[PDB]
């Protein structure tokens, strides 16, 4: 039994009150007040459509993934990653695909900086899509489940799906459940072939063990995974720590 599975058993035993006080204990988060207010009024400039823009921003500002040329965004949802990449000088095109329909977010049309190079397509299940030529591959897919064996199936399927889209290019791929032993085996094989490293984003809630496989970095995957399991287990041991609250991202306005 991995440390991650122990964390999961404990997470599953929490009452709703304890879960709500655990999920943001000691994390970092952006203040969405202004953007939620503006988005409700129908404003299409400056605002990120979701928390996702700031989440990808954290990786890019640390050079973990460096978007360039044709950017593919798998599971773009509302489009937070796509609108963030559209404003980057090395980016020439952004194509986002997302499922849509019941239970799934729809792309939000915006006019933030670089909107003219973005095309978000809904009604697109990525597990039925042929790979496309691209220079940057982004994937934020992985639905949480109380069952780590369900999450393990979901993680492996994403990892197997993205591989054909990785053609010596930049990448940032969400790994829903990186602690399950068969997931570790797949990641290690993928790291040998494609390089990169698994990283824990500070903006991720304690209610998920998600890590991101990024193209620019190196390291021991098992060791970084167990470090997160230990951190997440330690956050059950003390009274809620209020999160670090940061300014949300300003994505500007206008064409590129």
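Positions refer to the first chain, counted from 1.
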- Task: Averaging the C-alpha B factors as listed in the entry, name the stretch that ends up higher: 123-131 or 166-174.
- Result: 166-174
- 198-206 versus 185-193: which one carries the higher mean Cα B factor per the record? 185-193
- What's the residue among 102, 87, 75, 148 with the greatest CA temperature factor in the PDB record? 87
- Among all modelled residues of this chain, ranked by Cα B factor, put residue 24 in the bottom, middle or top third, i.e. lowest, middle or highest. lowest
- Message: What third of the chain does residue 12 rank in for C-alpha temperature factor, lowest, middle or highest?
- Response: middle
- Query: By its CA B factor, does residue 41 count among the lowest, middle or highest third of the modelled residues in the chain?
  - Reply: highest
- Message: Quick check on the deposited entry: does the C-alpha B-factor of residue 222 sit in the lowest, middle or highest third of its chain?
- Response: highest
- Query: Lowest, middle or highest third: where is residue 136 by C-alpha B factor in its chain?
  - Reply: middle
